[PDB]
Amino acid sequence: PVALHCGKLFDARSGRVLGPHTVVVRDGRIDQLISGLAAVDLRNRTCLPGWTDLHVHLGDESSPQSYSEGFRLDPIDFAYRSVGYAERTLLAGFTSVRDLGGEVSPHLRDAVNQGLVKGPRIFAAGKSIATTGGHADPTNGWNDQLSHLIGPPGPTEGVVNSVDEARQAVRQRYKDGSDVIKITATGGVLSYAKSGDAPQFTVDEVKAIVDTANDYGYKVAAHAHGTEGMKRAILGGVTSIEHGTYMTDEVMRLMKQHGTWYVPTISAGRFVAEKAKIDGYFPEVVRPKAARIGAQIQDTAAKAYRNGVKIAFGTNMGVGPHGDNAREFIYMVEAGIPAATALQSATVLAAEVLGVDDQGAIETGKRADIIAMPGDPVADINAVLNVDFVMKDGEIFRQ
Amino acid sequence: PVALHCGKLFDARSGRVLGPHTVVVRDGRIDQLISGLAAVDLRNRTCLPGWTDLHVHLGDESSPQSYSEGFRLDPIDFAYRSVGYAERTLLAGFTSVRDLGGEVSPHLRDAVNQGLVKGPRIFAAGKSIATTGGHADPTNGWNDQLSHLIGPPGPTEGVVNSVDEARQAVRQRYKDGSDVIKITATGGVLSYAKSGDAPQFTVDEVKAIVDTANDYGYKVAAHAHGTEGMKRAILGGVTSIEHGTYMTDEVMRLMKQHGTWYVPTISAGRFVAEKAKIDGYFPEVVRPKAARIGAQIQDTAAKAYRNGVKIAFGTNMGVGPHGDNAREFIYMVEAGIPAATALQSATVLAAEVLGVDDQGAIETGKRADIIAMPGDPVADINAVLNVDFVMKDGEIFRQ
Amino acid sequence: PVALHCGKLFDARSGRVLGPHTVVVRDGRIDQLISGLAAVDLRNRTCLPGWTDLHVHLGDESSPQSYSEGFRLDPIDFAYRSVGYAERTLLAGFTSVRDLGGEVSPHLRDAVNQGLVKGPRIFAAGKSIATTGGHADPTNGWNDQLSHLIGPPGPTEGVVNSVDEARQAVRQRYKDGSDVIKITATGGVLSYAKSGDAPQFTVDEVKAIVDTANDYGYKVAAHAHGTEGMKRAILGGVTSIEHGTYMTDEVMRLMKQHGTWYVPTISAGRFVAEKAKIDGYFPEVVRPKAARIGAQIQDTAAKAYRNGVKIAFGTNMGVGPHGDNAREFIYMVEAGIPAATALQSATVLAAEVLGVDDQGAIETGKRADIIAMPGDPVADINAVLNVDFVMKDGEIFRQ
Amino acid sequence: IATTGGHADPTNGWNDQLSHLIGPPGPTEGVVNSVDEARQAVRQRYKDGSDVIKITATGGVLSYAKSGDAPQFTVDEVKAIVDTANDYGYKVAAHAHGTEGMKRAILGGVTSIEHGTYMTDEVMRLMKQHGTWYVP
Ligand SMILES: C[C@@H]1Cc2c(Cl)cc(C(=O)N[C@@H](Cc3ccccc3)C(=O)O)c(O)c2C(=O)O1
Ligand SMILES: C[C@@H]1Cc2c(Cl)cc(C(=O)N[C@@H](Cc3ccccc3)C(=O)O)c(O)c2C(=O)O1
Ligand SMILES: C[C@@H]1Cc2c(Cl)cc(C(=O)N[C@@H](Cc3ccccc3)C(=O)O)c(O)c2C(=O)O1
Ligand SMILES: C[C@@H]1Cc2c(Cl)cc(C(=O)N[C@@H](Cc3ccccc3)C(=O)O)c(O)c2C(=O)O1
Ligand SMILES: [Zn+2]
Ligand SMILES: [Zn+2]
Ligand SMILES: [Zn+2]
Ligand SMILES: [Zn+2]
Ligand SMILES: [Zn+2]
Ligand SMILES: [Zn+2]
Ligand SMILES: [Zn+2]
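Residue numbers (the authors' numbering), protein chains in the order written: chain B, 22 to 57, 65 to 427; chain C, 22 to 57, 65 to 427; chain H, 22 to 57, 65 to 427; chain E, 157 to 292.
Have a look at this one:
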């Protein structure tokens, strides 16, 4: 039981910064909210709900050696790095995240929930689902010896080529303890493959995946760069799109008609564009794709916001360094999105995307996830980089 | 050739207790029934047809170590326990049973039929059919090493994900010598999985299973806890439902329209509810499911009987201790079902569910399966716990 | 606590039948022995210690279909037969046995010790150790397809070809829970191989097996028909020889010098000799060997007894029908061995062979294993076929 | 490093299905039964980045096996392990409860003994003569 005394409170639902309030926390939930027991002196700060990042990869981080480490290291080696990744993410103000790829994240989520290590609340997708040769194919770029030794991937490994295989892949993700489903509708930038935006799913396969996920209470997030794959994913019935780099007017119209969410991930685009200029950082099959695709993300976000598409917060922090997720707010504001809208996209709209109703706002009965900063983020978005108070489930991790 | 002199005889077909009769048994069948050679003095007892339990698991029994014994013991070790299980079941008055899961039961049936060991007449299902990650998936809860060593289960192992796979699974059950088919339409309580009532079969897969079973002369029994899976199983065309914990008015209407049988298994619900309170008895992933689902079985049975659904006798004695199946009668009567109806549900309606016509009543030409108790079970249902005479196929096992 | 009143008591250690005595049993051991509480009336019987059979195969029985059942049945099917085998063996007066081959016997021993089924105390050897193509090779007679599918047997399967392999085979028998070691030094009669008496072990391999067994507290029993293999086994340091059909004067001299035990197993020889005359009972590769070797067992036993070799009791009841082990006494007496010596060879000398000191005689502090028969076995050996009292560990199984 | 069925055998207590699926352990898995296998086991420990060698000379308490103190190594196998470790700059520590296994480990040339529960006067004399360390 603790009472927090804030000088200003950000109303996520209304998008307005109110005056002094007092928040009483008991049993890990907000019990009372008074306008006007242990106590924490925050009267010179602005209190906001904890942020949610809807696209992270906590099991990895980009580096010059990332394309040769997979053949020499084991996942146990990556867990010890994920410890620090998760701690740095939590201490920056993000009390929950949506992990969208990797087999290390479910274990990290279990460890964090058991109290073994520090971190945010993790909604883990597990192994991503692709087609043969797709962006998430685990054996892209292997030589003949290794490929023959391991054999062709199947639904158990996340590679599907028919309706029944998609059904089995979703059921296998459920069997391994996932919270959400991720598919790669088109090609990617960082994969050891040739194409970057070609359609790699059919409409029927997407429909089968979505129906199976509906049976099991899951949501589906689709990775898409090109127009045709994005169109097929939208028609299939996915919940959100991740890298709509080549969104057109027709795609935006379909998104508005169907209510699909859009998660830009501007930070990853900027990072890959910057790293493409360095010689030898990327493999020769990856550099042209990164150079071409990383320079068309901010414009797409600005156009989508202007056209009325629903936008949510996500950074793809497995590409950039973990713990610097808060610069996506600055990028979004510089892209034309108002500061209040950008802050809402990470608190309440993020909770809508996740499908939960016990977080996202400072209201009675909700989880006590509260953060604070000295400045006013609405007046100046640059204040999001100085977070000095973090609370998650009623436990204070930073003061 | 023996003549039995009973003081009272229970007419299963009419549900009434008649007066003194004489039963003459020759060649293992009832030859004559006289109202008014070796002889057995039963003139101070009530003679009834042998009981049938439509849901047992003779190859296993619940215990505190049941979740770690599967990795250290072999089926040969379980057979030596099944010997005593079957003997105790037979001596309690149950001359036939329907085994609904486990690969040890066909062998026990063969041994009992050859006269090697004592037991009831067994209609064995063999391996139960599920989907990937389903309630009957044999590899739920295994770590990565064992899962990779054994590989993903297929139709040969009872795991199906399409119409053709369901066809092959039914044919493989036929190849291994089954008498009936069992599928798990929803999640369960005692499996090492997350869900307990979500739908795990599609209507088309159920239809394929039922059609294939029809080609081979089989009946299909469906395990179902949730509403949607139960609805899909009923629409597919199964013969009976096993744990309709969350039956609603629409489900009952469909059951009445289609003529589906309902087997409550109240004993297992009570047992799991009682054991959930003990700390450490169940794994942490099983305890909440048991606590939530075991407390809503008697009410469902009472509602189903009130609404006119057809009810048959079954206990799920693999959960509770074998040889105490007769307490299901007391539970049924305490649930509002009349004693005569409860006794009929185990003799004639059970024979209807099984699909046979040579047992279930004391009539000329039928199998000589006769039991007797000192009291009158109709007047007092508690008399079913004192069975002192058992005869099966004309052979006396208890006097 | 029970008191037994016998009219005559057989002193195993002295080999004499004494007069009336009273035996008091408490906690499963003999507490008092009085010459002159519950009570059992045995005053018209002769009480002897429970018998021990040093060569049985409780997991199998010879029959016309025994050479095609291994490809269609599973060990679980053989366990249900072993139940009756063990019960019949125990009820005939044999309270302990030494099982010398088969993987079903350790499980039967565990089940009997846990009280699940009735039977004698079992000292199980497990898988027998042989060389490639030897008498105990599990893949003798298989076609090319099956042989290629299963691969060549190694030390894990009981087939050894060097010193290190013998060491590993003994350690693997220890790992699987054995009580004694068995090796086949020569060829056999009932195996699907060509030879019947050729040497199949070298002296060094036998020495390695014996040394490894000594490290683990085991005894070694050797199957041997021919002279050279028997000589090699004796020189290696085994504890007993099983079928010394072709024993010579030099072999007997070595046996006397080293103190090796001899177990004739006359019953199996007579059985195979009788069955060889039936057409089609044995495969054509087995019939000549059986006909030639089964007719030279009684003479060998008589010669060995005349020459002063130490003789112990064993029948090989896996060949003959289980539960008729007591005819070996009649055969031994008809072979020239005195009745008292024959009875001693099954009570005290058998305990010496086993390596235990808590059984074999009716003495204070020993296990309460007592049997009784109406007649006097010393005066008439034919009285051993009428055993009406059996007690094991203080529990009465027959009265 | 252990022998078949030894205290450190990774497959002790498994049923037939799992044992058949994984197969019998060899030197790569740390189970040795001869001199050459011990050599290969030490080299495989070096290949996987070890700093010291551990062997189980006798049975243990917490393993899913029957015995607790019986000797599970021969003197020659211990000697081979120690020689191979000497070639690679390693030390050898021996787990031992019973007297005979402890004696064999000391004679083989190990550096320390871990659970000398049943140490006798002769074992202590050998330890003093050879300079072996004792870790209670
Ligand atoms: C293990 C982990 C999994 C993973 C997966 Cl499944 C997918 C991506 C991914 O699709 N990234 C984007 C990165 C990107 C590049 C440019 C513009 C926007 C985003 C891409 O390749 O198109 C991705 O970047 C990662 C990743 O960071 O590594
Ligand atoms: C080997 C054997 C096979 C087996 C199978 Cl296939 C299924 C069940 C089973 O579905 N039991 C029910 C037990 C139960 C629990 C609560 C209320 C009613 C019934 C369940 O888990 O929902 C089940 O209990 C068993 C069992 O007893 O072990
Ligand atoms: C499974 C079981 C194991 C077994 C083993 Cl390991 C060995 C024998 C065996 O060696 N029997 C003897 C039978 C025999 C035949 C003639 C004279 C004496 C004995 C033989 O074949 O020479 C043997 O008969 C048996 C047996 O009965 O089946
Ligand atoms: C994974 C890890 C490895 C391990 C190994 Cl390799 C060996 C032991 C071990 O030998 N422990 C001793 C524990 C013990 C017991 C009684 C007296 C002293 C010590 C034993 O079992 O005899 C041991 O305890 C452990 C252990 O703690 O688990
Ligand atoms: Zn992506
Ligand atoms: Zn991504
Ligand atoms: Zn069920
Ligand atoms: Zn069941
Ligand atoms: Zn033999
Ligand atoms: Zn034998
Ligand atoms: Zn240790």
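Where is the CB? At the ideal position from N, CA and C, for every residue including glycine.
When you compare each of the options to residue i by their alpha carbons, which one comes out closest?
i	options	result
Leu70 of chain B	B:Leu25, B:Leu136, B:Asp102 and B:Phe99	B:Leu25
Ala318 of chain B	B:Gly297, B:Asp307, B:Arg334 and B:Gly336	B:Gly297
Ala330 of chain H	H:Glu362, H:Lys303 and H:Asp352	H:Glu362
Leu377 of chain C	C:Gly182, C:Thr214 and C:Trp79	C:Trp79
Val217 of chain H	H:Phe151, H:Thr392, H:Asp204 and H:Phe310	H:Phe310
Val231 of chain B	B:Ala221, B:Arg260, B:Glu278 and B:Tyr246	B:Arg260
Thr159 of chain H	H:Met419, H:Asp32, H:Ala221 and H:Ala400	H:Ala221
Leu86 of chain H	H:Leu371, H:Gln387, H:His350 and H:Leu413	H:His350
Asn344 of chain B	B:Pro227, B:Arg109, B:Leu118 and B:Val300	B:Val300
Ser206 of chain B	B:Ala389, B:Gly245, B:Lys394 and B:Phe425	B:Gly245
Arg281 of chain H	H:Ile262, H:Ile294, H:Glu270 and H:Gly322	H:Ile262
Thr328 of chain H	H:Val140, H:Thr273, H:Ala249 and H:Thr240	H:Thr273
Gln93 of chain H	H:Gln324, H:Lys420 and H:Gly308	H:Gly308
Buried or exposed: which applies to residue i, given that a residue is buried once 16 or more other Cβ atoms fall within 10 Å of its Cβ?
i	result
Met275 of chain H	buried
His176 of chain E	exposed
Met283 of chain E	buried
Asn189 of chain C	buried
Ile104 of chain B	exposed
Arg37 of chain B	exposed
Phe99 of chain C	exposed
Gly322 of chain B	buried
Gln200 of chain B	buried
At a Cβ threshold of 8 Å, is residue i touching chain H?
i	result
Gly182 of chain E	no
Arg201 of chain C	no
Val132 of chain C	yes
So with Cβ pairs under 8 Å, would you call residue i a contact of chain C?
i	result
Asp416 of chain B	no
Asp385 of chain B	no
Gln196 of chain B	yes
When the cut-off is 8 Å and only beta carbons count, does residue i lie next to chain B?
i	result
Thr160 of chain C	yes
Handout entry: Interface residues of the stretch 204 to 227 of chain E facing chain H [CB-CB below 8 Å]
Key = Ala221, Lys222, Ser223, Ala226 and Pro227
Practice task
Give, in chain order, every residue of the stretch 168 to 194 of chain E whose Cβ lies closer than 8 Å to some Cβ of chain C.
Solution key: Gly169, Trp170, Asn171, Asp172, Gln173, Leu174, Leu177 and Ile178
Practice task
Give, in chain order, every residue of the stretch 135 to 150 of chain C whose Cβ lies closer than 9 Å to some Cβ of chain E.
Solution key: none
Practice task
Pull out every residue of the stretch 94 to 124 of chain H whose Cβ sits closer than 8 Å to any Cβ of chain C, in chain order.
Solution key: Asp102, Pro103, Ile104, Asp105, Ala107, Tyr108, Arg109, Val111 and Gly112
Practice task
Compile a chain-ordered list of the residues in the stretch 238 to 255 of chain B whose CB is closer than 8 Å to at least one CB of chain C.
Solution key: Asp243, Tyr244 and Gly245
Problem - Beta carbon shell of ligand 10 at less than 7 Å from a heavy atom - result: H:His83, H:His85, H:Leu128, H:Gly129, H:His251, H:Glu270, H:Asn344 and H:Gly346
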